[PDB]
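One-letter residues, chain by chain:
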There are 6 protein chains.
Amino acid sequence: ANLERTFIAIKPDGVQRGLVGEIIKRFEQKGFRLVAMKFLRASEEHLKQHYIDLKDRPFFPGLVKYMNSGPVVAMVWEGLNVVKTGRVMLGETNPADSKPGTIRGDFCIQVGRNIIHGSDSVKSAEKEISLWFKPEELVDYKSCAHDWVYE
Amino acid sequence: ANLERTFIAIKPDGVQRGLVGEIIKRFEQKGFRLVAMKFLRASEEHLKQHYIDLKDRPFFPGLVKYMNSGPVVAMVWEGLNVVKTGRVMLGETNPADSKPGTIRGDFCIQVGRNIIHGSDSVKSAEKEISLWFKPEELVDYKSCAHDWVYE
Amino acid sequence: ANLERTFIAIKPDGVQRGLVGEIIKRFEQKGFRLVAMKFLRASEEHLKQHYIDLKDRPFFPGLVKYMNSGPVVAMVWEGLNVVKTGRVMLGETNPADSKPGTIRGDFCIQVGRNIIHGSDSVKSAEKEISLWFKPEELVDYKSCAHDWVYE
Amino acid sequence: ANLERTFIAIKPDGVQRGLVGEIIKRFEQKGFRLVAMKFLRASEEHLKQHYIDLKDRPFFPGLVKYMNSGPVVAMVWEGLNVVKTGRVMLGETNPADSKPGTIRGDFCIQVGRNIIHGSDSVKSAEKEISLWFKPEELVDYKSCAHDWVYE
Amino acid sequence: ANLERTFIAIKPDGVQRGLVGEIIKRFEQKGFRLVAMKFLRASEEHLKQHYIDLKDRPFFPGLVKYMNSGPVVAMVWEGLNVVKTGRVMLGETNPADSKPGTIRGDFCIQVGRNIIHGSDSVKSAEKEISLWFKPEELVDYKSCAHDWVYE
Amino acid sequence: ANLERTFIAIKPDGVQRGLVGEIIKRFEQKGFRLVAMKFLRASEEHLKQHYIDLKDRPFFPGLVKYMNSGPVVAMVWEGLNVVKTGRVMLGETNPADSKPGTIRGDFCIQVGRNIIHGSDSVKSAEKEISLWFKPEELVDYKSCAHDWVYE
Ligand SMILES: Nc1nc2c(ncn2[C@@H]2O[C@H](COP(=O)(O)OP(=O)(O)O)[C@@H](O)[C@H]2O)c(=O)[nH]1
Ligand SMILES: Nc1nc2c(ncn2[C@@H]2O[C@H](COP(=O)(O)OP(=O)(O)O)[C@@H](O)[C@H]2O)c(=O)[nH]1
Ligand SMILES: Nc1nc2c(ncn2[C@@H]2O[C@H](COP(=O)(O)OP(=O)(O)O)[C@@H](O)[C@H]2O)c(=O)[nH]1
Ligand SMILES: Nc1nc2c(ncn2[C@@H]2O[C@H](COP(=O)(O)OP(=O)(O)O)[C@@H](O)[C@H]2O)c(=O)[nH]1
Ligand SMILES: Nc1nc2c(ncn2[C@@H]2O[C@H](COP(=O)(O)OP(=O)(O)O)[C@@H](O)[C@H]2O)c(=O)[nH]1
Ligand SMILES: Nc1nc2c(ncn2[C@@H]2O[C@H](COP(=O)(O)OP(=O)(O)O)[C@@H](O)[C@H]2O)c(=O)[nH]1
Ligand SMILES: [Mg+2]
Ligand SMILES: [Mg+2]
Ligand SMILES: [Mg+2]
Ligand SMILES: [Mg+2]
Ligand SMILES: [Mg+2]
Ligand SMILES: [Mg+2]
């Protein structure tokens with residue numbers, strides 16, 4: 001089979017607060033497969049295109065500036081319902097609405113500093129994956145745990 | 001009802017994915033007393049009795065064969081509302097509906113590989129404990145912390 | 001706003017069960033600022049004042065005795081909505097109603113041994129802070145991570 | 001290969017202090033395979049035979065009484081060098097001499113309450129295994145990560 | 001029959017880097033009893049007294065300045081061999097020589113930002129406890145675990 | 001020497017055994033700055049250049065094959081003595097001799113599956129960094145904690 005994929009980015013605040021390993025561990029222990037990963041400071045234009053649907057929102061200027069203010073960890077993760085499940089794992093957009101046990105619930109306070117991004121839909125994921133990674137950067141392998149994670 | 005007991009089994013996938021100590025720690029940390037524990041490859045006939053209520057469901061033979069495909073860790077835990085609270089701790093039957101912070105929410109993806117079993121009621125717990133353990137295998141002792149966990 | 005403060009106390013059961021660091025870590029990693037902290041055996045009088053609204057409840061004598069039965073860690077934490085959010089982190093009054101991922105959800109079982117206290121409102125918080133701490137015991141400094149937690 | 005085995009027991013203090021899960025995780029994460037596990041109060045005669053080479057030592061009486069004073073978690077673990085590297089993981093007999101990051105180094109203080117036992121040699125391991133388990137209690141299965149742990 | 005005690009302070013970098021809980025957890029897990037604790041910005045004078053033995057060394061002014069640059073967590077811990085064992089837990093003065101598994105080994109790089117202080121000797125412990133704490137701030141109580149930590 | 005760099009790669013066994021987050025956290029927690037990171041299946045030729053000094057060793061062919069058998073996580077880390085300190089953090093080449101608390105000591109068993117690589121010297125580090133990364137992939141930014149990790 002060819003499993004669902006989602007795009008996950010650890011925002012500059014996640015990197016600056018030293019939560020990269022912690023956040024990656026949460027995806028690994030869940031049983032999702034890391035497909036791609038790189039580390040870069042995305043240009044304001046890259047970030048504008050990432051968040052193109054939000055361009056007319058008033059917080060958008062500060063969002064783009066915050067997102068370009070340090071490096072990000074960009075990832076692709078694979079598995080059954082990984083898009084929706086990735087989102088549940090993150091918590092709500094606002095850390096204030098995010099439950100203890102979620103990444104945002106556990107680790108942050110304010111919507112403007114909410115440490116992580118996950119694709120909100122499959123069609124979003126595929127667009128975001130194409131924008132952040134070259135095809136060659138997506139690694140096709142099989143997880144040793146697969147048959148212990150899936151029927 | 002401080003002497004309530006429940007049956008908890010770590011399924012073959014739980015054992016194979018190295019989650020035994022992680023699971024046990026969650027019960028220990030909560031204040032529940034470990035009463036019995038053993039490690040075995042349960043026979044197909046034993047598993048058919050365990051899941052006798054499901055013998056007509058289409059997933060039954062698959063479920064049995066998987067349950068026999070590796071060892072399980074069988075346990076008896078005791079404490080106030082341990083049956084219901086144990087259930088909460090595991091999360092929903094389907095990992096897709098299990099909240100972050102729960103065992104299945106944190107660690108698995110698919111209902112057919114859902115890493116753990118807990119009794120669904122006192123009556124089920126009593127049946128399961130009888131099925132899985134000899135009476136001499138239930139250990140009598142007082143937990144150190146009891147007077148700090150209970151009034 | 002961001003200068004809100006709350007009073008958090010680790011109850012004698014939380015100290016005795018070795019949960020002081022685990023509790024503190026949860027507040028630190030969330031991004032809240034530790035403002036004040038001390039360790040003491042609170043007098044029965046001090047405890048009666050802390051719980052003055054409950055003076056006529058049936059459980060109040062047992063409550064005051066339990067709370068005097070060992071030392072307590074008293075703390076003040078700062079941040080946006082720290083009162084409300086602190087409560088979310090603790091769980092519900094009754095650990096039976098507290099979800100996995102919260103302090104009571106993870107660690108305790110019975111309402112009379114529920115390991116921790118948090119102020120239920122800003123007015124409660126300011127009363128409790130005045131009750132437990134001398135003004136000089138409240139330390140003003142800026143958190144390293146502040147600008148990565150707050151826009 | 002017919003891989004080496006060792007006998008590990010978590011002593012009554014390890015059980016009472018809630019360290020069973022933690023300990024088991026350290027063995028699991030190292031890549032050792034759990035072969036056998038049970039939970040029991042070992043009789044004084046069982047304990048005398050286990051520690052027979054110490055019978056004339058002055059601490060022997062107290063050792064047997066303490067080891068009988070609560071249940072123990074009895075285990076057999078498999079792996080290349082598991083006896084010697086198991087000992088290294090435990091620390092030195094005296095926790096005072098055990099380094100941080102070892103089990104006794106992290107968790108205990110006094111030689112008479114040193115939380116765990118491990119076989120000191122291959123010959124001791126085989127003797128101890130034979131005395132603590134029935135042959136049928138030793139579960140034969142292959143670890144899913146075997147080929148990632150071994151050449 | 002007072003057990004041995006030591007003075008441990010979490011330095012300003014320790015607090016700023018959000019390691020207070022982690023650090024305390026290590027001492028609780030080991031079996032030491034928390035006797036005293038408070039949180040304060042130590043004055044230059046207090047710190048010159050604390051480090052008076054170093055007053056003529058080149059790094060002393062820099063040390064005293066750094067130690068005043070943020071609040072510190074000051075603690076008294078009790079147990080068998082706590083002064084020496086405490087030291088071993090911290091690591092060497094220079095993090096470069098501190099082993100993985102020690103506090104400085106896990107968390108620090110440079111000698112002037114080495115996150116924690118522990119007394120060097122019983123005589124120094126006694127002096128430091130007296131310098132930092134009033135007698136009434138030392139809490140006399142018996143630990144839950146004592147009989148499982150000590151024979 | 002604060003700008004010293006080393007090359008760390010999580011080997012395919014580390015990726016498959018779900019240790020990526022765990023490993024990254026240890027580097028983060030220590031205070032080193034992540035400079036560059038990517039995830040790829042390294043070609044046999046690329047790996048032959050990486051290990052060119054071992055090309056005549058009997059294990060060389062199998063080493064290259066194993067290192068190509070799954071993706072690796074390639075990283076550049078910066079900090080004072082990061083090459084030597086990084087080596088200490090990994091353990092010894094042989095897991096069998098690696099101390100508990102080190103990455104290999106904690107997580108692996110056999111030299112042929114030793115989960116991680118780190119440069120052995122500054123000269124080796126510069127050669128490996130150049131081999132594995134494009135100049136533009138070394139990210140320029142300041143770590144928020146720098147002034148709390150360094151004088
Ligand atoms: N400062 C600020 N940022 C916001 C606000 N709403 C959304 N954002 C940021 O914009 C990101 C994208 O918004 P959105 O797609 O609606 O939410 P998401 O998919 O859950 O991340 C969020 O993750 C926040 O980082 C806001 O009101 N203020
Ligand atoms: N393959 C498969 N297994 C299922 C399904 N539903 C339940 N199971 C398995 O059967 C076990 C028992 O089912 P059930 O008693 O209803 O759920 P539980 O009490 O929450 O464990 C579950 O824990 C699953 O492992 C399904 O639709 N497909
Ligand atoms: N024993 C007992 N203690 C209670 C009961 N209800 C509340 N308490 C205790 O009294 C404390 C204060 O009560 P309350 O303010 O209503 O709950 P809280 O603000 O969530 O802590 C609780 O945290 C419990 O420790 C009860 O029914 N029985
Ligand atoms: N109370 C007490 N117990 C001891 C002493 N020496 C050893 N023991 C206990 O006896 C056990 C077995 O001793 P030994 O075979 O020499 O050490 P081990 O193989 O490292 O456990 C130790 O693990 C301790 O639990 C002592 O001096 N006093
Ligand atoms: N900046 C700087 N600080 C130092 C140096 N040597 C020691 N210190 C600091 O001064 C503290 C006290 O030194 P000392 O009492 O000898 O070592 P300790 O008992 O390990 O803490 C150390 O823990 C360091 O924080 C140095 O060479 N430079
Ligand atoms: N299969 C196998 N692999 C080995 C052996 N010795 C070394 N290796 C592998 O080759 C790598 C490089 O060896 P070396 O450069 O000498 O040590 P390193 O710098 O500590 O990794 C090791 O990290 C192992 O992955 C061996 O005897 N057998
Ligand atoms: Mg969106
Ligand atoms: Mg059922
Ligand atoms: Mg109240
Ligand atoms: Mg012996
Ligand atoms: Mg000194
Ligand atoms: Mg080499």
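Residues numbered from 1 in each chain as written, not as in the entry; some residues may be left out. Chains lettered and ligands numbered in written order. Heavy atoms only, no water.

1. Re the site of ligand 1
Part 1: The environment of ligand 1 is formed by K11(A), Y51(A), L54(A), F59(A), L63(A), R87(A), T93(A), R104(A), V111(A), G112(A), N114(A) and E151(C).
Part 2: Flanking ligand 1 are residues from chains A and C.
Part 3: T93(A) places a side-chain nitrogen or oxygen 2.6 Å from an oxygen atom of ligand 1.
Part 4: Relative to its unbound accessible surface of 550 Å², ligand 1 loses 78% to contact with the protein.
Part 5: Looking at the shell around ligand 1 residue by residue, the classes come out as 5 nonpolar, 3 polar and 4 charged. (Near = heavy atom within 4 Å. Polar contact = N/O pair within 3.5 Å; in protein donor to acceptor, adjacent residues only side chain to side chain. Areas by Shrake-Rupley, 256 points an atom, 1.4 Å probe, with all protein chains shown as cover. Nonpolar A, V, L, I, M, F, W, Y, C, P; charged D, E, K, R; others polar.)

2. A few points about the site of ligand 4
Part 1: Taken together, the neighbourhood of ligand 4 is formed by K11(D), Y51(D), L54(D), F59(D), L63(D), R87(D), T93(D), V111(D), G112(D), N114(D) and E151(E).
Part 2: The environment around ligand 4 is built from residues contributed by chains D and E.
Part 3: Measuring from an oxygen atom of ligand 4, one finds a side-chain N or O atom of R87(D) at 2.8 Å.
Part 4: For ligand 4, a nitrogen atom lies 2.7 Å from a polar atom in the side chain of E151(E).
Part 5: In isolation ligand 4 has 550 Å² of accessible area, and contact with the protein removes 79% of it.
Part 6: Its residues assigned to classes, the shell around ligand 4 comprises 5 nonpolar, 3 polar and 3 charged.

3. Observations regarding the relation of the copies chain F and chain A
Part 1: Overlay of chain F on chain A (RMSD 0.9 Å): rotation 179°, translation along the axis 0.1 Å. What the superposition gives is, in effect, a two-fold axis relating one chain to the other. For chain F, the smallest separation between a C-alpha atom and the rotation axis is recorded for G21(F), amounting to 1.9 Å.
Part 2: Looking at chain F, 100% of its interface residues are interface residues in chain A too, so the copies touch through the same face. (Least-squares fit on C-alpha atoms. Contact = heavy atoms within 4.5 Å.)

4. Notes on the side chain of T6(C)
Residue and element names in this part refer to chain C.
Part 1: Locating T6 in the fold gives a position in strand β1 (residues 5-10).
Part 2: At 3.5 Å, the side chain of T6 and the side chain of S119 are in polar contact.
Part 3: Beyond its immediate sequence surroundings of up to four residues, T6 is in contact with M75, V76, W77, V82, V83, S119, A125 and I129. (Helix = DSSP H or I, 4+ residues; strand = E, 2+ residues; numbered from the N terminus.)

5. Looking at the interface of chain F and chain A
Part 1: In this complex, chain F contributes 28 residues to the contact, which on the side of chain A involves 28 residues.
Part 2: Sorting the residues of chain F by area buried against chain A places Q16(F), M37(F) and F39(F) first, and these three jointly supply 30% of that buried surface.
Part 3: Our count for the contact surface shared by chain F and chain A stands at 1 salt bridge.
Part 4: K25(A) is the partner of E22(F) in a salt bridge, and the nearest nitrogen-oxygen pair spans 3.6 Å.
Part 5: Seen at the junction of chain F and chain A, the total is 14 residue pairs in polar contact.
Part 6: Elements that contribute at least two residues to the side of chain F that touches chain A include exactly α1 (12-16), α2 (20-30) and β2 (33-40) of chain F.
Part 7: Ranked by the residues each element gives to the side of chain F that touches chain A, the list is headed by β2(F), at 7 residues.
Part 8: A breakdown of the residues in the side of chain F that touches chain A according to their chemical character gives 15 nonpolar, 4 polar and 9 charged. (Buried area = accessible area lost by both parts, 1.4 Å probe. Salt bridge = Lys/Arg side-chain N within 4 Å of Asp/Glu carboxyl O.)

6. Focus: the interface of chain C and chain A
Part 1: Taken together, the 17 residues of chain C in the interface contact 17 residues of chain A.
Part 2: When chain C packs against chain A, close to 1,500 Å² is buried across both sides, 57% of that on carbon and sulfur atoms.
Part 3: Contact with chain A buries surface across chain C, with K30(C), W148(C) and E151(C) losing the most and accounting together for 49% of the total.
Part 4: Between chain C and chain A we count 0 salt bridges in total.

7. Brief notes about the nonpolar core
Part 1: Grouped together as the largest cluster of nonpolar side chains are 61 residues, with contacts concentrated most on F27(D) and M37(D).
Part 2: If we skip the residues at most four places from it in the chain, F27(D) touches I8(D), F32(D), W77(D), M89(D), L90(D), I103(D) and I116(D). (Core = buried A, V, L, I, M, F, W, Y, C linked by side-chain atoms within 4.5 Å. Buried < 20%, exposed > 50% of the residue type's maximum accessible area, 1.4 Å probe, protein only.)

8. A word on the UniProt feature "active site" in chain A
Residues and elements named next belong to chain A.
Part 1: Here the UniProt-annotated "active site" positions come out as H117.
Part 2: Residue placement: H117 occurs in strand β4 (residues 116-118).
Part 3: Every residue in contact with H117, bar those within four places of it in the chain, is listed here: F7, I8, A9, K11, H50, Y51, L90, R104 and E128.
Part 4: A polar contact of 3.4 Å, which involves the side chain of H117, links it to the side chain of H50. (UniProt positions renumbered as here; feature names shortened; annotations may be inferred.)

9. Side note on the pairing of strand β3 (residues 72-78) of chain B
Residues and elements named next belong to chain B.
Part 1: Of all the 7 residues making up β3, 7 are buried; the element is thus mostly covered by neighbouring parts of the structure.
Part 2: What you see with β3 is no split at all: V72, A74, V76 and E78 on one side and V73, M75 and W77 on the other are buried throughout.
Part 3: Of the pairings in the sheet, the one linking strand β1 (residues 5-10) to β3 comprises 6 bridges and is antiparallel in character. Note on β3: the bridge partner recorded for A9 is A74.
Part 4: With 7 bridges connecting them, strand β2 (residues 33-40) and β3 associate as antiparallel partners. Among the inter-strand pairings, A36 is bridged to a residue of β3, identified as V76. (Pairing = 2+ DSSP bridges.)

10. Considering the relation of the copies chain C and chain A
Part 1: After a rotation of 119° and a shift along the axis of 0.0 Å, chain C superposes on chain A with an RMSD of 0.8 Å. Interpreted geometrically, this transformation is the action of a three-fold axis. Scanning chain C for the C-alpha nearest the rotation axis identifies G101(C), at a separation of 2.7 Å.
Part 2: In this assembly, only 12% of the residues forming the interface of chain C have copies in chain A that are likewise at the interface, indicating a heterologous arrangement.

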